[PDB]
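A.B. asks: Take this structure first; my questions come after.
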Amino acid sequence: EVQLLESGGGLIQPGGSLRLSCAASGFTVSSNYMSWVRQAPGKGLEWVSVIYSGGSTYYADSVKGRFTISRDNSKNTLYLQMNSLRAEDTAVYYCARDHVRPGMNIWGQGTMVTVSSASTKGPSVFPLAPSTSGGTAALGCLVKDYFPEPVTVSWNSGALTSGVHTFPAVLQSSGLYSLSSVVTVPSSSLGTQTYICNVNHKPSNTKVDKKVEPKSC
Amino acid sequence: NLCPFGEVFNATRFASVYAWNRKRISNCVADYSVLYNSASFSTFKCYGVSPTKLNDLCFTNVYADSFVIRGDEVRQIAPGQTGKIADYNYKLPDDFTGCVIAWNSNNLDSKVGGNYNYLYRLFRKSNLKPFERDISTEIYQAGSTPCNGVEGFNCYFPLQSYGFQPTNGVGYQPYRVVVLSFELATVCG
Amino acid sequence: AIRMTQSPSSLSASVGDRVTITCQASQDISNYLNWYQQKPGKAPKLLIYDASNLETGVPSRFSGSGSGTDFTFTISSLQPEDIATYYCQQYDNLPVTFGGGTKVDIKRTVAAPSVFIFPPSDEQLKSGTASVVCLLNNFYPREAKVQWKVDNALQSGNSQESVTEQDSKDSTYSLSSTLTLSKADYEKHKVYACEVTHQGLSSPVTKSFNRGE
Ligand SMILES: *[C@@H]1O[C@H](CO[C@@H]2O[C@@H](C)[C@@H](O)[C@@H](O)[C@@H]2O)[C@@H](O[C@@H]2O[C@H](CO)[C@@H](O)[C@H](O)[C@H]2NC(C)=O)[C@H](O)[C@H]1NC(C)=O
């Protein structure tokens, strides 16, 4: 079907550069109105740039002269070149086929651009073992000490979705993020069903799986 | 004999901007005082020439182009401008030698239920060259698959309709525009 | 540049109540105003385009009206999965501007939390750091007080807690409180417990464990 897939976000020092690629399927980029829209953490939406069907480019006042928007007809991909990046450029960057008529408005999923000067650290994953109340038990994974945001956590390679709660990360006094993701399962399946949380941290290229099983001496 | 400028400004019907009308003015004595002394014009900007010093200049041909756009889009009828109108409907060159004249016409070109007779081109693969007149109605192929002249997904009608209603803001009410192009002789003052 | 003002900033209503938010424009923007629904973590999703027109596939309970400068967005009967932050945008005049946003929460019935406590893994204890975790799963309202007690001593300042967004199914929250100690400071005490106080509890519930057992 029709979808927008985008990438290129990550950590970058202030004053540095970073290009965001937005690959399209289902329509032609060189023939449509395309837009970049960023959302700072916890804040609202902020329009960034627009390229017309004919090629005219427009930018917001806060990024004019620093950001550039372009496209490649052979690859059907929308780009966003970012230069002289500042700390206030830190946001999720959605690329969207701008609404022009009934049902053509489609948004990407955004990539996390984190403009900071600290280094990148892959997370450490520790198990949260279930206890011993009769009917239902709880277990999860601790994703501790990583930077920058974000990390993605699933269970049993996506084979487990019901009863899962993945908490938003906390920023510890150390400057690293700490996060936990849990799931409630019936206490019966503890001895026969294996539970593995699948953690992914793109900036460090770290992909970890940890077995979660009960504790005993 | 005198130039037929009264036909253009005092015209009863104006053309849509995509199909902008062109009048070729030649072999006549042009009285430009009827224009720059008129207090009924909201926009009157000249390029490469002086308004009062035009009755002293001879040119080979004078071109008067007239159409209707939004008030928001009057800023685009100027050299080096971009926008839905300047790119896809009416484009002026950077070395333009002439004058752009505009005035509000909400009393004439807005109907109560909404006037839809005035249109603008919304979709085009590339920008118009200076003084290019695109009147195509071909269905716009925005996707990978071809349209074959049928509307649908990724296949849109290239024109869009102004919604000229009297209750519209100043930027959305219809403005009538006349563009004089001076080419360098048969039209003097 | 245009400036969209969106009221209210926050909102809580029962399932089935009529929900209405407004968005006043600083200038005339005709009817070129769209409405988006952004569920937590996901991208914004276009619901209403051109002030009043419903995008194909949106449920009928979503409504929109207005022209000129004052617009409205109406949810006929609020549904649990409608929890999100809703934005308005104008796009005809450049630059494109958004509203402040409206966070919408469900007013459901009271739910008591299920409390679980997790000792630090022996794997982490080899790293010199210990992390004790206390869990509050599927409760309402979000107001909850978590109390750490170490050998009956009330701990504070060494803990960070985290809450999920309203579950799009049951409109319940979940809370995660993380206590961080050194392996030394962890091995100086025996009894670890978290005391949960909540509206759905007639008395505070405590889950405990002893270090080593
Ligand atoms: C545009 O028209 C006005 C008024 O035109 C009226 O309707 C026309 C169809 C025609 O029949 C006119 O005779 C009608 O009067 C013109 O207004 C005159 O403007 C001059 C200055 O240019 C002024 O001295 C006269 O008093 C005005 N006439 C009246 C009756 O007040 C105007 O000149 C026309 N513009 C051009 C460029 O020709």
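Naming scheme: A, B, ... for chains in displayed order of the structure tokens; residues 1 onward per chain; ligands 1 onward as shown.
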Mind checking which residues fall within 8 Å of residue 129 (chain B), counting only C-alpha atoms, ignoring those fewer than 3 positions away in the same chain, and posting them as a ChimeraX atom specification?
C.D. replies: /B:91,93,132
A.B. asks: I want to know what sits within 12 Å of residue 90 (chain C), based on only C-alpha atoms, with residues of the same chain fewer than 6 positions away left out; could you give that as number ranges by chain?
C.D. replies: A: 46-47, 98-99; C: 1-5, 23-36, 48-51, 67-69, 71, 96-99
A.B. asks: Could you check the closest approach to ligand 1 for each of B:35, B:74, B:86, B:25 and tell me which residue wins, using only C-alpha atoms and all ligand atoms?
C.D. replies: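 Among B:35, B:74, B:86, B:25, it is B:35 that comes nearest to ligand 1.
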A.B. asks: Please provide as a PDB file with C-alpha atoms, in the first residue's frame all residues within 10 Å of residue 136 (chain B), with the sequence filter that same-chain residues fewer than 6 positions apart are discarded (counting only C-alpha atoms).
C.D. replies:
```pdb
ATOM      1  CA  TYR B  18      -4.879  30.688 -15.526  1.00  0.00           C
ATOM      2  CA  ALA B  19      -6.545  31.736 -18.801  1.00  0.00           C
ATOM      3  CA  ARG B 121      -4.257  26.529 -11.646  1.00  0.00           C
ATOM      4  CA  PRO B 158      -5.525  20.733 -12.221  1.00  0.00           C
ATOM      5  CA  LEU B 159      -7.693  23.807 -11.556  1.00  0.00           C
TER       6      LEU B 159
END
```
A.B. asks: Please report, as a compact mmCIF listing (two decimals) with N, CA, C and O atoms, in the first residue's frame, each residue of region 96-201 of chain C to which DSSP assigns alpha helix (DSSP H) when run on this structure's backbone.
C.D. replies:
```
# COMPACT_ATOMS: atom_id res chain seq x y z
N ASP C 122 20.51 -10.11 40.00
CA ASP C 122 21.88 -10.45 40.35
C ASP C 122 22.86 -10.03 39.26
O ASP C 122 24.04 -9.81 39.55
N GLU C 123 22.38 -9.90 38.02
CA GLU C 123 23.23 -9.41 36.94
C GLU C 123 23.60 -7.95 37.15
O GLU C 123 24.76 -7.57 36.97
N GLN C 124 22.63 -7.12 37.54
CA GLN C 124 22.91 -5.71 37.78
C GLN C 124 23.74 -5.51 39.04
O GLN C 124 24.57 -4.60 39.10
N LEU C 125 23.54 -6.36 40.06
CA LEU C 125 24.30 -6.22 41.30
C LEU C 125 25.80 -6.41 41.06
O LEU C 125 26.61 -5.88 41.83
N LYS C 183 25.35 -0.89 45.23
CA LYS C 183 25.41 -2.24 45.77
C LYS C 183 25.78 -2.23 47.25
O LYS C 183 25.30 -3.08 48.01
N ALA C 184 26.61 -1.28 47.67
CA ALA C 184 26.92 -1.14 49.08
C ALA C 184 25.68 -0.73 49.87
O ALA C 184 25.27 -1.41 50.81
N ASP C 185 25.07 0.39 49.48
CA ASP C 185 23.89 0.88 50.19
C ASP C 185 22.73 -0.11 50.12
O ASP C 185 21.88 -0.14 51.02
N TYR C 186 22.67 -0.93 49.06
CA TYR C 186 21.64 -1.96 48.99
C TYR C 186 21.89 -3.06 50.01
O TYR C 186 20.94 -3.59 50.61
```
A.B. asks: Run DSSP on the backbone of this structure and report the residues of region 38-106 of chain B it assigns to strand (DSSP E), as a list in words.
C.D. replies: residues 43, 44, 45, 46, 47, 61, 62, 63, 64, 65, 66, 67, 68, 69, 70, 98, 99, 100, 101, 102, 103 and 104 of chain B
A.B. asks: Keeping only N, CA, C and O atoms, write the selected residues to a file as a compact mmCIF listing (two decimals), in the first residue's frame.
C.D. replies:
```txt
# COMPACT_ATOMS: atom_id res chain seq x y z
N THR B 43 -3.46 48.98 -5.78
CA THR B 43 -2.09 48.57 -6.08
C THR B 43 -1.69 49.14 -7.43
O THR B 43 -2.42 48.99 -8.42
N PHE B 44 -0.53 49.80 -7.47
CA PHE B 44 -0.06 50.47 -8.67
C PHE B 44 1.45 50.61 -8.63
O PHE B 44 1.97 51.67 -8.26
N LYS B 45 2.18 49.56 -9.00
CA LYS B 45 3.63 49.52 -8.89
C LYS B 45 4.23 49.33 -10.28
O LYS B 45 3.84 48.41 -11.01
N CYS B 46 5.18 50.18 -10.64
CA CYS B 46 5.81 50.17 -11.95
C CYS B 46 7.27 49.76 -11.85
O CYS B 46 7.95 50.05 -10.86
N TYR B 47 7.76 49.08 -12.89
CA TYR B 47 9.09 48.50 -12.91
C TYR B 47 9.83 48.94 -14.16
O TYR B 47 9.32 48.78 -15.27
N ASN B 61 5.16 48.23 -28.81
CA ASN B 61 3.92 47.56 -28.48
C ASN B 61 3.68 47.63 -26.98
O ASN B 61 4.62 47.57 -26.19
N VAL B 62 2.41 47.75 -26.60
CA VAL B 62 1.99 47.73 -25.21
C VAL B 62 1.01 46.58 -25.03
O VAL B 62 0.07 46.43 -25.82
N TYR B 63 1.24 45.76 -24.01
CA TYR B 63 0.42 44.59 -23.73
C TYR B 63 -0.30 44.78 -22.40
O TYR B 63 0.33 45.08 -21.39
N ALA B 64 -1.62 44.60 -22.42
CA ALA B 64 -2.45 44.72 -21.22
C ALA B 64 -3.06 43.35 -20.93
O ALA B 64 -3.92 42.87 -21.68
N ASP B 65 -2.61 42.73 -19.84
CA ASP B 65 -3.12 41.43 -19.41
C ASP B 65 -4.00 41.62 -18.19
O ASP B 65 -3.61 42.30 -17.24
N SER B 66 -5.18 41.00 -18.21
CA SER B 66 -6.19 41.21 -17.18
C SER B 66 -6.74 39.87 -16.71
O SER B 66 -7.01 38.98 -17.51
N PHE B 67 -6.93 39.76 -15.39
CA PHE B 67 -7.40 38.52 -14.78
C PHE B 67 -7.87 38.83 -13.36
O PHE B 67 -7.88 39.99 -12.93
N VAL B 68 -8.27 37.79 -12.64
CA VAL B 68 -8.79 37.92 -11.28
C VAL B 68 -8.08 36.90 -10.39
O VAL B 68 -7.94 35.73 -10.76
N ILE B 69 -7.64 37.36 -9.22
CA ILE B 69 -6.96 36.53 -8.23
C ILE B 69 -7.45 36.93 -6.85
O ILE B 69 -8.34 37.78 -6.70
N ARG B 70 -6.87 36.32 -5.83
CA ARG B 70 -7.12 36.71 -4.45
C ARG B 70 -6.29 37.94 -4.09
O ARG B 70 -5.24 38.20 -4.68
N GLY B 98 7.24 47.49 -17.03
CA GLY B 98 5.82 47.79 -17.10
C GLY B 98 5.27 48.11 -15.73
O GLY B 98 6.01 48.46 -14.81
N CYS B 99 3.95 47.98 -15.61
CA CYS B 99 3.24 48.37 -14.40
C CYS B 99 2.17 47.34 -14.06
O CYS B 99 1.53 46.78 -14.96
N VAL B 100 1.97 47.10 -12.77
CA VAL B 100 0.96 46.18 -12.26
C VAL B 100 -0.09 47.00 -11.53
O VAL B 100 0.23 47.76 -10.61
N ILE B 101 -1.35 46.85 -11.94
CA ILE B 101 -2.46 47.63 -11.39
C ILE B 101 -3.53 46.68 -10.88
O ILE B 101 -3.89 45.71 -11.56
N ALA B 102 -4.03 46.94 -9.67
CA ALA B 102 -5.03 46.08 -9.04
C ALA B 102 -6.00 46.93 -8.23
O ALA B 102 -5.67 48.04 -7.79
N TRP B 103 -7.20 46.40 -8.04
CA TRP B 103 -8.21 47.04 -7.21
C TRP B 103 -9.23 46.00 -6.78
O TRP B 103 -9.45 45.00 -7.48
N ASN B 104 -9.85 46.24 -5.63
CA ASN B 104 -10.84 45.31 -5.09
C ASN B 104 -12.10 45.31 -5.95
O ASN B 104 -12.56 46.35 -6.42
```
A.B. asks: Would you give me, as a list in words, the residues of chain A that come within 6 Å of chain B, using only C-alpha atoms?
C.D. replies: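 Residues satisfying the distance criterion: residues 27, 28, 31, 53 and 54 of chain A.
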A.B. asks: Write the residues of the preceding selection, restricted to N, CA and C atoms, as a PDB file, in the first residue's frame.
C.D. replies:
```pdb
ATOM      1  N   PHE A  27       3.003   7.083  -4.491  1.00  0.00           N
ATOM      2  CA  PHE A  27       2.818   8.327  -5.225  1.00  0.00           C
ATOM      3  C   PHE A  27       4.187   8.870  -5.609  1.00  0.00           C
ATOM      4  N   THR A  28       4.173   9.925  -6.419  1.00  0.00           N
ATOM      5  CA  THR A  28       5.386  10.564  -6.910  1.00  0.00           C
ATOM      6  C   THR A  28       5.692  11.798  -6.069  1.00  0.00           C
ATOM      7  N   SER A  31       5.923  15.292  -7.904  1.00  0.00           N
ATOM      8  CA  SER A  31       4.656  15.785  -8.422  1.00  0.00           C
ATOM      9  C   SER A  31       3.706  16.278  -7.340  1.00  0.00           C
ATOM     10  N   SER A  53       4.788  21.385  -5.964  1.00  0.00           N
ATOM     11  CA  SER A  53       4.872  20.475  -7.102  1.00  0.00           C
ATOM     12  C   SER A  53       5.820  21.015  -8.165  1.00  0.00           C
ATOM     13  N   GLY A  54       5.797  22.332  -8.392  1.00  0.00           N
ATOM     14  CA  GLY A  54       6.674  22.938  -9.378  1.00  0.00           C
ATOM     15  C   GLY A  54       8.106  23.107  -8.924  1.00  0.00           C
TER      16      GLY A  54
END
```
A.B. asks: Compile the contact shell of residue 184 (chain A) as a compact mmCIF listing (two decimals) with C-alpha atoms, in the first residue's frame: residues with an atom at most 8 Å away, counting only C-alpha atoms, same-chain residues fewer than 5 positions apart removed.
C.D. replies:
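As a result, part36.txt now contains:
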```txt
# COMPACT_ATOMS: atom_id res chain seq x y z
CA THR A 136 -1.80 -13.50 37.77
CA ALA A 137 1.91 -12.63 37.75
CA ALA A 138 3.97 -9.71 36.44
CA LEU A 139 7.39 -9.50 34.79
CA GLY A 163 -1.19 -6.69 28.75
CA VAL A 164 2.05 -4.88 27.81
```
A.B. asks: Pull out every residue of chain A that has at least one atom within 9 Å of chain C, counting only C-alpha atoms, and report them as a count of residues only.
C.D. replies: 48
A.B. asks: May I ask for the distance between CA of residue 3 (chain A) and CA of residue 111 (chain A), given in Å to one decimal place?
C.D. replies: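 CA of residue 3 (chain A) sits 15.3 Å away from CA of residue 111 (chain A).
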A.B. asks: Please tabulate, as a tab-separated table, the residues of chain B that come within 6 Å of ligand 1, each with its closest pair of atoms and the distance in Å to one decimal, counting only C-alpha atoms and all ligand atoms and ordering rows by chain, then residue number upward.
C.D. replies:
```
residue	atom	partner	partner_atom_place_in_ligand_line	distance
B:5	CA	ligand 1	37 (C)	5.6
B:6	CA	ligand 1	38 (O)	3.4
B:9	CA	ligand 1	37 (C)	5.9
B:10	CA	ligand 1	1 (C)	5.0
B:34	CA	ligand 1	22 (O)	4.6
```
A.B. asks: When the cut-off is 12 Å and we count only C-alpha atoms, which residues of chain B are near chain C, given as a list in words?
C.D. replies: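 In the required form, that comes to residues 70, 71, 72, 73, 83, 84, 162, 163, 164, 165, 166, 167, 168, 169, 170, 171, 172 and 173 of chain B.
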A.B. asks: If we count only C-alpha atoms and set the cut-off at 12 Å, which residues sit around residue 192 (chain A), ignoring sequence neighbours fewer than 6 positions away in its own chain? Please answer as a list in words.
C.D. replies: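 Counting only the stated atoms, we get residues 186, 213 and 214 of chain A.
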A.B. asks: Residues as selected, N, CA, C and O atoms, written as a PDB file, in the first residue's frame, can you do that?
C.D. replies:
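Output contents, as saved in out_23.pdb:
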```
ATOM      1  N   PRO A 186      -0.627 -14.813  33.089  1.00  0.00           N
ATOM      2  CA  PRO A 186      -1.108 -15.742  34.117  1.00  0.00           C
ATOM      3  C   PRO A 186       0.053 -16.497  34.741  1.00  0.00           C
ATOM      4  O   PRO A 186       1.019 -16.858  34.065  1.00  0.00           O
ATOM      5  N   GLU A 213      12.954 -14.905  33.481  1.00  0.00           N
ATOM      6  CA  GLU A 213      12.530 -16.160  34.079  1.00  0.00           C
ATOM      7  C   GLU A 213      12.539 -16.023  35.594  1.00  0.00           C
ATOM      8  O   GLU A 213      13.171 -15.109  36.136  1.00  0.00           O
ATOM      9  N   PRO A 214      11.838 -16.907  36.305  1.00  0.00           N
ATOM     10  CA  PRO A 214      11.744 -16.769  37.763  1.00  0.00           C
ATOM     11  C   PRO A 214      13.082 -16.967  38.460  1.00  0.00           C
ATOM     12  O   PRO A 214      14.044 -17.501  37.907  1.00  0.00           O
TER      13      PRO A 214
END
```
A.B. asks: Tell me, as a list in words, which residues lie within 6 Å of residue 139 (chain C), counting only C-alpha atoms; anything in the same chain fewer than 4 positions away does not count.
C.D. replies: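 With the cut-off at 6 Å, the set is residues 111, 112, 113, 172 and 173 of chain C.
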A.B. asks: Would you pick out the contacts of residue 88 (chain A) at 10 Å or less, using only C-alpha atoms, so that residues sharing its chain but fewer than 5 positions from it are not included, and give the list as an mmCIF file with C-alpha atoms, in the first residue's frame?
C.D. replies:
```
data_model
loop_
_atom_site.group_PDB
_atom_site.id
_atom_site.type_symbol
_atom_site.label_atom_id
_atom_site.label_comp_id
_atom_site.auth_asym_id
_atom_site.auth_seq_id
_atom_site.Cartn_x
_atom_site.Cartn_y
_atom_site.Cartn_z
ATOM 1 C CA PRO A 14 25.591 21.716 18.129
ATOM 2 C CA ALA A 40 9.619 19.209 20.310
ATOM 3 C CA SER A 62 13.365 29.814 12.859
ATOM 4 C CA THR A 114 18.850 15.071 19.413
ATOM 5 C CA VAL A 115 21.218 18.051 19.219
ATOM 6 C CA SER A 116 23.562 17.695 22.197
#
```
A.B. asks: Would you mind reading off the distance between CA of residue 11 (chain C) and CA of residue 84 (chain C), one decimal, in Å?
C.D. replies: 10.4 Å
